[PDB]
């Protein structure tokens, strides 16, 4: 028999579980990309239609706040995790496992998957996330930091551009909205996303939140 994705019998990943157990529906399973001992398995969502292994961020969100003050009114990319007070870089997999173990489990998926993708949602109050309505351009768009020392941007090297799935942040309305970003690649080493650098921030009324989506490997 071939492991069925339970904690006692984790599969290698969700693709293997799909291949060997095509009866199983999308949901929560345990996978062990590094094989060997079963005890360091990680808990994931398996999309059984696509075969994707999806690992949630912990924590899932960055609360909505006035995170950055720069009263010189200068606008500049500022990394949330690297530079902001209360800042953290994004983390993935079972919080009860050692960080080193999670890093290796992710490394197996990042290095040896055919592709990967991840969405991230920026919650905005008076903060352009991508397009600025006044200008019609994306010069004020935020950046994302990948996992292979690379950045995902609105423009530039086309191998490194994200795409925007919706964009409700184009004007300062004094209200809350959101923009959803996605990076999709055949070089899964570049994922997951570990940081975000908003540009249109620093003013007294400028605020943001973040919902970090699961990194999904095929």
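Positions refer to the first chain, counted from 1.
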statement: Avg C-alpha B-factor, entry values, 99-107 vs 71-79, higher side is 71-79
query: Mean C-alpha B factor from the entry: is it higher for 204-212 or for 190-198?
result: 204-212
- prompt: Can you tell me which of 169, 60, 39, 44 has the highest Cα temperature factor in the record?
  reply: 60
- request: Just grab whichever of 33, 27, 174, 51 has the top CA B-factor as deposited.
  value: 174
query: What third of its chain's C-alpha B-factors does residue 117 belong to: lowest, middle or highest?
result: lowest
- request: Would you please rank residue 158 by its C-alpha temperature factor against the other modelled residues of its chain and give the third it falls in: lowest, middle or highest?
  value: highest
